[PDB]
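S.K.: Return atomic coordinates for the entry below.
(7 chains)
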Amino acid sequence: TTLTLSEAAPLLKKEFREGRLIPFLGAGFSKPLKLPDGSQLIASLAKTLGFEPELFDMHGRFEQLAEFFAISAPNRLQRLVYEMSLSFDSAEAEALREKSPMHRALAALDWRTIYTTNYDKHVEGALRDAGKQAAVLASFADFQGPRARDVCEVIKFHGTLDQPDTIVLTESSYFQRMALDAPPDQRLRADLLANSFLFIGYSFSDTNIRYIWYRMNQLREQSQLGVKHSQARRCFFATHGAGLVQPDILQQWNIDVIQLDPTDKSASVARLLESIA
Amino acid sequence: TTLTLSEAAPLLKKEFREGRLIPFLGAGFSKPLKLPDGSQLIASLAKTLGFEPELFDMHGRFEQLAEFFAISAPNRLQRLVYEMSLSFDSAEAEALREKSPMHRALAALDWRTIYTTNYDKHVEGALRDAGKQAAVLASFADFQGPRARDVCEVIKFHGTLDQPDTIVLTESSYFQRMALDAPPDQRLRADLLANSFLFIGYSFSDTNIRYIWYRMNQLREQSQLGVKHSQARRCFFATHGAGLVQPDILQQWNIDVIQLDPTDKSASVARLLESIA
Amino acid sequence: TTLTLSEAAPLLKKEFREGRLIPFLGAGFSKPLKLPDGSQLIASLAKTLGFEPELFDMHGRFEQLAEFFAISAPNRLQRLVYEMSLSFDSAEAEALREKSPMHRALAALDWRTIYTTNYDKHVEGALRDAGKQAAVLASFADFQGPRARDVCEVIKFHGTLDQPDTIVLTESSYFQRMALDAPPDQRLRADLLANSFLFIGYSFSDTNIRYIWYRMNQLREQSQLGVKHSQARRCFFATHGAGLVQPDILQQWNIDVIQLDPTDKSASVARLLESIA
Amino acid sequence: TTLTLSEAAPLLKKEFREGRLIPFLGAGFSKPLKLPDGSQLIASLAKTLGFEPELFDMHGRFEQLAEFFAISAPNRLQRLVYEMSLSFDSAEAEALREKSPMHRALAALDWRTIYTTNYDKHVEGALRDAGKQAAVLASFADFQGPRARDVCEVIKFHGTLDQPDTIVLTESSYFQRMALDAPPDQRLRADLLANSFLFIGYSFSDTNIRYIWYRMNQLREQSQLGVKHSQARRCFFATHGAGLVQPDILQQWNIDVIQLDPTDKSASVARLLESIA
Amino acid sequence: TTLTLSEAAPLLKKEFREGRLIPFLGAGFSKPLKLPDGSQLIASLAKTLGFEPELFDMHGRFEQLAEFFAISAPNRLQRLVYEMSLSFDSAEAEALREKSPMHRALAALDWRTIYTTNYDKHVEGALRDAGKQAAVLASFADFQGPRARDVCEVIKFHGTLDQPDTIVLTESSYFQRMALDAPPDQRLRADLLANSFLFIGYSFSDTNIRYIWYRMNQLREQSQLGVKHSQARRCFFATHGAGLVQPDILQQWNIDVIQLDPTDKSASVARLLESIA
Amino acid sequence: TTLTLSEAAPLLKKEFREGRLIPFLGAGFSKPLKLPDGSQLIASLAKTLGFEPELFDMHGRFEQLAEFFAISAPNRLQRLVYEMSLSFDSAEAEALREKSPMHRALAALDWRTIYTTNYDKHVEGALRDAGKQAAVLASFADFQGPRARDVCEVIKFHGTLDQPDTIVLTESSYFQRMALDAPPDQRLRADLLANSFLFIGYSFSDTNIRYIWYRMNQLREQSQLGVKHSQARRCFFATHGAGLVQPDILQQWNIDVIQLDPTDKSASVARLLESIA
Amino acid sequence: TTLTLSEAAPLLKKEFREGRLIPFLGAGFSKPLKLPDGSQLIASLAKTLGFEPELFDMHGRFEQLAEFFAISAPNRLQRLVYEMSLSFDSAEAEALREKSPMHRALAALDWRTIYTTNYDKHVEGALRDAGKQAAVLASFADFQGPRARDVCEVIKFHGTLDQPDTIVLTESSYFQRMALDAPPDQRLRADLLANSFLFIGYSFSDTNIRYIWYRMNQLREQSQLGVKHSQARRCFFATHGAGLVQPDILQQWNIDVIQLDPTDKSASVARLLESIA
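M.R.: Numbers count the residues shown, from 1 in each chain, chains lettered A, B, ... in the order given. This is the structure:
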């Protein structure tokens, strides 16, 4: 129950010719950019509170340690968003983004809507390197602004570093995004009615994208509760290690798992995006 | 920011004299009963599908492996609920429940409402051993039935083994209980307006009780959005290892952490429940 | 499809002996108290804005005219709540409440929970005249306060005049109570799981209690979505003119219509409450 | 250093003929209306918290006990404002206000501005009984509303019972009115530049009107800091017991003390207001 | 976001019929009177100190050069106020004031309060030419003096030439008027609670009226900090060149910009004041 | 809601190890020195004006009787400051200060800043008896003088007897210190941003320290009006009789009440200061 | 009336040996770092709104154009703070800060308190390059945090780029800092009582530092209003072009102007800071 590269290539091409394919890009898409972890950044900020860096990481997950800065030392949480903006969007990360085959193969296609969950600017900046125009959509003021219909709309699902009050990084902020009331969430509610999604750069043990995978399936079934049940467009999830139990769970959430070649992570994603063209 | 046994004893006693203390019992409360894990039970059922027991546990969490039985082999999921009912409610588990000081100290108090998240019958059966009456509340038909006001109402928050369609054990069932639409959830919505909660038997890395801890705080703040902000009753969470970061997070969720003695797990919980008397 | 007085008397008595009958009292229950209309009060306050009283009533419903005071002249809306507190809870209204057979027959029964939607104090004050104790529940601070189990809890579903920030009288306040997030709404979510309701003092053209009648039925059906469908307790609505189409609609909302004698409005309600005893 | 009735009568008449006399009415002006104390009302509300009425009065001043309701039981503070509105503005208080010679002698004069610090409506209602028009000014919306120049403007310096959010009764509300930032305070800042004040109904041990007496003198001296020092209009304070030290202190605060006849309190104030005519 | 002449004419007329419109007149209102600049006057007085007139103007703004006379040669600062009184209030300036359509259209309306920031007497003298009475208010002794209610009160916000110690012309005097403690400032604190303002004769680069525009908005928002936020009366600013960014800033300071016809400066202001009639 | 001696000892020790604890010493700290009252001193000076000592005390508070000397007989007010300097700083008061356990336990700690409100020299002289250096700060010339960083700065909040023009003892001087413009007040404005305060030697009925307790809380909340609300350091107030209502009021002013043993007043304060060490 | 380099060197050295000299660093101190203007940055962001960069600069000052982004397009104002953090604190600005003689001569001295008004981190980073420790103080949470007494406290008077809600860059934010209520303002109120200030890097036409220069002088004179007038420590302002009128104005604001050599701007400031050593 797992597609290969050559099997999923005519399936993704049929969705793209009629304009109903939306990428949903994760943290693994920014892996060739050699960015800092963020868990390493939050551990070095804990030295001022008396923590050793290996000891502060012991007391919980990354969003839980950011919850601790949000309530006990709020000036260090704003310091964390500050030095991620210097690191994730540095000039060295732009130079790797010029030569990355993943970001070139993404920008070679005329997308209409691209979703991403990472905070850096390298999804839009890939489109600017190909001479294409992109529109960042993170806050309410971004949706209200005018733009052309030719411009690909890149919705920052968890905020952008140039709008620091849109960042979803504290644990309480992840819990209140489960109600789906943010402006990126309301845009997702209408796009799942018409489109198929291509999830790239996630793991099966994320537990945040798994709730989103569940809730998209529940909103598709709720949208056809009184009418006869019609068949929906299949979503897709590109993986390098699929496992043996998790692709069967994902199939009931309207998501087909694509096994990519695990020898070179960046090349096999680039061959997937070029087979759509 | 952590209470001890002697510091939290007058705080719990003040809530109990005016009838506003509700226990919220977890899987660690059934620890002295020597029950099977359930993850061991689901691994032995995977031998018929060709899995080694250590290899089937590798492919995900326990609720995710139960999702796999719910969609690929539904007769093995009903087999799992069957042999948990033979194991969790056996005659050997009742005999340990007679002599358990945790279950005796729980039943020595005249509670009005007891919440529990475990499937076994040993929360009510502790009350039956003390000569007291208990009312199991898991489904809609349980709430509709008549009972006296003297009877302590034990609400099974995740179902009961004698009503197998109320069991919340599949991963998709945990996700749809986050909307809080079940009859145990609607009872929780009214009890958080008036009562303080005593959480016993959980870990900080549960990620299901953490959403409940968040959502109770959000429903308290939403219930006083137009009126002036008044102070609410503090909830409590008894722990044997509190850590160093997690009790500060819990304090902003209206929950005070009680450090119990970690040398004997069962005795220190029993000294907590006897200090309320 | 309409019950009479003698037919509904053993049905209401069976619900009351097992403590599962809750009155839900409307504006028609305060009809013998000779209170001002409120629409007459809001019209006389419009003289300072240049309106004739018959002309200001023309421009919309009562909750819509109160919306106009909430946004264009907020000091007149607080004046309206002020002079309803002098009029609805006057000493002349208490003297009629002493001799009213509706309020005496209500207080002759040992209720556990009484719901009411009117702002005046004459539901609790009927219980104080019979020597019984009542607990007013309107805000979050009311639920947090301590009380005995013998005391009948009177939940003010639309606020109380002694807590003016709990008043649901503006049109926007009626629309945001349709989400059911107030503390009287969260108490209603748990009481519909176990109880039957006796609606007294409403009209079929209210359009606010009709949404509540719909939403109670939807929450009963949602509470048994996975289990087998069991039969719920029937609710009741006492009427003096039932009509011919509306009792059939109410039957599908789990509500049976009781035809009372329309010759004397106050006496026929009093014979209904005395047949429960 | 104390004026009598006949000595202060041509001094008050000269200020009134040129329209520069403003009454500043205290709680002693509402003394013939036989109103409840308020300290008696706050003591009877403390029975629900377990206090005896003589014991709750022991723990501080009246504004300090109202501070206790504002932070520990906010629904009882709104209950206090509720039952003062039923008591201070009752029909029995209006009937005594018809026949009170103090309120008749106040309304016999064509005032331009009347200040009062008490919450009841009997300063305006005295003017309505004489067939004159009055404009209540307590909140920002009251000043924004239109009115004629013939209408006497009655500024409620500590709020009005029909606008409960304007009430200055909590101790923290008295402390934040010392900065003089309320709309009644900003009106006082401009009226002290041109007018003389007649303080009626205060005691020397009030400690709130003494700060106002100090701060008015400081704002007069600050308004002529660069120009040559000119002589200001004298303010007046009518008293029944003046003492021996306090009238000398008040003279340096630009206030002359008028000794009234202490045998009948209400008659001697009425002879003062009729000597102005 | 800019009103025209015909659009702002019913808005100004509605404020004037209910007596809530106050003009706030600047230096551009005295432009047709052909007065000397003052910067030309202070440059010619610097010849005695060894300055060329074009070189003395180089060393700072006009209020900064007047600061230099206040501390290094105080007899030349009093000479400056002397020869402005001979020039701004000369007989030639009165003859142009007789025939000025701006000053005739101002005096054709029955104002209650007129504010002005210029030192000359031509705001009151316009009212004396129309046979109307005016009261100059600049110092503390002016407010203390008696007057009738029919008389329009003209408050000199920066002093008058006949009271030379009230002149606000030194830079240190402008900085200490930012605290708003002068008698014209205390009158402004009470008039912003009830009135709308018509600002005529200023530029956007003044930096003194911009602080007053900010501080009026801050005092309106501070006056409704505890009550519900009600809508205030809009202020107005008549301009001949509005620009493109500055009218949006002024709208958040409760000020609407009126674009007048820039071909004839004096005629378009006169058509504005005649449309109010 | 009241700390004991053993409960507040680790809370005060944590503030002292990081140098963020400032004592704020009242008149009760100079109680073992057997000083004259001052009210007894002002009564004996009134014999020359014809007053009996028990009759002069009747006419007002102590600061009000000192107001009477400031305006009617100024040579007796300077006589009062003279004979307090002979009495409060006598050689007999120094000998009791040598053996006082309160003053020894205060000087055993290396404080950085000590505030006091009493006029005598026994706060610095306790530090001189322990061989430590102290710097008196009362006037502007005291702050301008040079000193080392090791020296504890003792700020006389109401003046010192060796600088008689700094004494805050007249009632008008207490009212003008409510604006917080003195050099001890400006130092307090910066120290509340970083430090926690230990209030020792006051009563709840002082009404001057209560305004300071309010105004410190208002300046903490004003200092974080635009940023997210962070938690401040708790202040402390040591009491021998705490009462039942006043500790709840003080908790909302960021002040925790410490109940000391009332059997021996001086010993229980000394055990508090030695538990910090 | 202007000091030279050699004349002001023993005056600055006497203030530094007794620890009473505080630098107050402006935007001219970050001039050798080759930073972008900010007015150039705000003009390039206006291209998305349809403005040419030379045309958007025409419509007002820099703080006024930032007011326009704060109210009409708030996502571009957060974009402005974002790309100043990438530009002002880049790695190229750190490399110039290593070799800058101004920043080396500043860090060669053991300062106790350094004030700065620019947003970049190069005042603290100069101290980190010399192996010294610095403490950034911008928000309330920064003052509450613990630190040693050896550490130089660098107070960011207008905020820091790592705490974006502390930035004072909008025009309305400059106007509300004139009341001096921020935590950097409250620290300035206490430091002017004891210290002398060295202002480096400002112009005479700033109009924001001129209000601060005025208000510091007013707070020194207000702090000695009742005591005899004592002489205060002189403040200093280092300039490359002093002019001829402005140094006389600054002398009355307790500030002596130091004429530095205008041929090399960076070298003459470095010779000033090395003459203090």
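
S.K.: near chain B at all, the host helix or strand of residue A:213?
M.R.: Using DSSP states H and E, residue A:213 falls within helix A:209-222. Yes: using Cβ under 8 Å from any Cβ of the partner chain, helix A:209-222 reaches chain B at A:210-211, A:214-215, A:218. (Each C-beta comes from the backbone N, C-alpha and C, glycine too.)

S.K.: between those, which has the most around it?
M.R.: Neighbour counts for the residues of helix A:209-222 next to chain B, by other Cβ atoms under 10 Å in any protein chain shown, peak at residue A:215, which reaches 22 neighbours.

S.K.: Give me the neighbour count for the residue nearest to it when sequence neighbours are not counted.
M.R.: In space, and not counting its chain neighbours, residue A:215 is closest to residue A:180: 6.9 Å by Cβ to Cβ, 6 or more residues apart in numbering or on different chains. Residue A:180 is flanked by 15 other residues according to other Cβ under 10 Å.

S.K.: Likewise for residue A:234?
M.R.: 15.

S.K.: quick one, what contacts it?
M.R.: A:11, A:196, A:254-256 (Cβ atoms under 8 Å, 6 or more residues apart in numbering or on different chains).

S.K.: Equivalent analysis for residue A:113, please.
M.R.: So residue A:113 contacts A:22, A:152-155, A:191, A:195 (Cβ under 8 Å, 6+ apart).

S.K.: before we move on, back to that, tabulate the contacts of residue A:234 (JSON lines), appending secondary structure.
M.R.: Putting the contacts of residue A:234 into JSON lines (DSSP: H, G, I helix; E, B strand; the rest coil) gives the following:
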{"residue": "A:11", "secondary structure": "helix"}
{"residue": "A:196", "secondary structure": "strand"}
{"residue": "A:254", "secondary structure": "coil"}
{"residue": "A:255", "secondary structure": "strand"}
{"residue": "A:256", "secondary structure": "strand"}
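
S.K.: Which residue ranges of the stretch 151-277 of chain A form strands?
M.R.: With DSSP state E, counting those that start in this stretch as the criterion, the stretch 151-277 of chain A has strands at A:152-156, A:196-200, A:235-239, A:255-259.

S.K.: Save those as a markdown table, and put in mean neighbour count and distance to chain D too.
M.R.: As requested, these are exported to a markdown table (neighbours: other Cβ atoms under 10 Å in any protein chain shown; distance: least, Cβ to the nearest Cβ, whole Å):
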| stretch | mean neighbour count | distance to chain D |
| --- | --- | --- |
| strand A:152-156 | 22 | 41 |
| strand A:196-200 | 23 | 49 |
| strand A:235-239 | 24 | 51 |
| strand A:255-259 | 21 | 50 |
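
S.K.: how about JSON lines for the ones you listed, with distance to residue D:98 added?
M.R.: Shown next, in JSON lines, are those (distance: least, Cβ to Cβ, whole Å):
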{"stretch": "strand A:152-156", "distance to residue D:98": "70"}
{"stretch": "strand A:196-200", "distance to residue D:98": "78"}
{"stretch": "strand A:235-239", "distance to residue D:98": "80"}
{"stretch": "strand A:255-259", "distance to residue D:98": "81"}
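
S.K.: so which of those strands comes closest to residue F:140?
M.R.: strand A:152-156 (55.5 Å; Cβ to Cβ).

S.K.: strands paired with that closest one, and their directions?
M.R.: As defined by DSSP bridges, the strand partners of strand A:152-156 come to strand A:113-116 (parallel), strand A:134-137 (parallel).

S.K.: Tell me the first helix or strand C-terminal of the first one.
M.R.: If I follow you right, that is strand A:113-116. Next element after strand A:113-116 (DSSP H and E): helix A:124-129.

S.K.: which residues touch the residue nearest to residue A:215?
M.R.: Contacts of residue A:180 by Cβ under 8 Å, 6+ apart are A:186, A:188-189, A:215.

S.K.: Can you select the buried ones from those residues in PyMOL?
M.R.: Entered in PyMOL, the line below selects the buried ones among those, by 16 or more other Cβ atoms under 10 Å in any protein chain shown:
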select buried, chain A and resi 188+215
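
S.K.: mind listing which of the contacts of residue A:180 are in helices?
M.R.: A:186, A:188-189, A:215 (DSSP state H).

S.K.: what about residue A:40, how many residues close to it?
M.R.: 10.

S.K.: secondary structure class for it?
M.R.: With three-state DSSP as the basis, residue A:40 sits in helix.

S.K.: I figured residue A:63 hits residue A:171, correct?
M.R.: Yes: with contact defined as Cβ atoms under 8 Å, residue A:63 counts as touching residue A:171 (4.1 Å).

S.K.: Next, the contact list for the closest residue to residue A:267 other than its chain neighbours, please.
M.R.: Once flanking residues are discounted, residue A:267 sits nearest to residue A:101: 6.7 Å by Cβ to Cβ, 6+ apart. If a contact means Cβ under 8 Å, 6+ apart, then residue A:101 has A:266-267, A:270 as its contacts.

S.K.: Most tightly packed of the strands paired with strand A:152-156?
M.R.: strand A:113-116 (a mean of 22; mean count of other Cβ atoms under 10 Å in any protein chain shown).

S.K.: just to revisit the earlier point, adding distance to residue G:53, write the strands paired with strand A:152-156 out as CSV.
M.R.: Shown next, in CSV, are the strands paired with strand A:152-156 (distance: least, Cβ to Cβ, whole Å):
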stretch, distance to residue G:53
strand A:113-116, 30
strand A:134-137, 21
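
S.K.: Which of the helices or strands spans residue A:64?
M.R.: Applying DSSP H and E, one finds residue A:64 within helix A:62-72.

S.K.: Compute the number of surrounding residues for residue A:95.
M.R.: Using other Cβ under 10 Å: residue A:95 sits among 11 other residues.

S.K.: burial count for the closest residue to chain B within the stretch 151-277 of chain A?
M.R.: With Cβ to the nearest Cβ as the measure, residue A:245 is the residue of the stretch 151-277 of chain A nearest to chain B, at 3.8 Å. When neighbours are counted by other Cβ under 10 Å, residue A:245 registers 20.

S.K.: Okay, residue A:171 and residue A:65: tell me how far apart.
M.R.: Distance of residue A:171 to residue A:65, given as Cβ to Cβ, to the nearest Å: 9 Å.

S.K.: the more surrounded of the two?
M.R.: Using other Cβ under 10 Å, the more surrounded residue of residue A:171 and residue A:65 is residue A:65, with 25 against 19.

S.K.: Next up, identify which helix or strand the closest residue to residue A:273 other than its chain neighbours is on.
M.R.: Leaving aside its sequence neighbours, residue A:273 sits nearest to residue A:105 (Cβ to Cβ, 6+ apart; 3.7 Å). Per DSSP H and E, residue A:105 falls inside helix A:101-107.

S.K.: residues of that helix that come out buried?
M.R.: A:102-107.

S.K.: distance between stretch A:223-242 and the chain's centre?
M.R.: Per Cα atoms, centre = their mean, to the nearest Å, the displacement of stretch A:223-242 from the mean C-alpha position of its chain is 19 Å.

S.K.: tell me how far the ends of it are from each other?
M.R.: Terminal residues of stretch A:223-242 are spaced 30 Å apart (Cα to Cα, to the nearest Å).

S.K.: what about residue A:4, distance to residue A:257?
M.R.: 11 Å.

S.K.: contacting residues for the one residue in the stretch 101-250 of chain A that gets nearest to chain F?
M.R.: Residue nearest to chain F within the stretch 101-250 of chain A (Cβ to the nearest Cβ): residue A:165, separated by 10.5 Å. By Cβ under 8 Å, 6+ apart, residue A:165 lies in contact with A:139, A:159, G:78.
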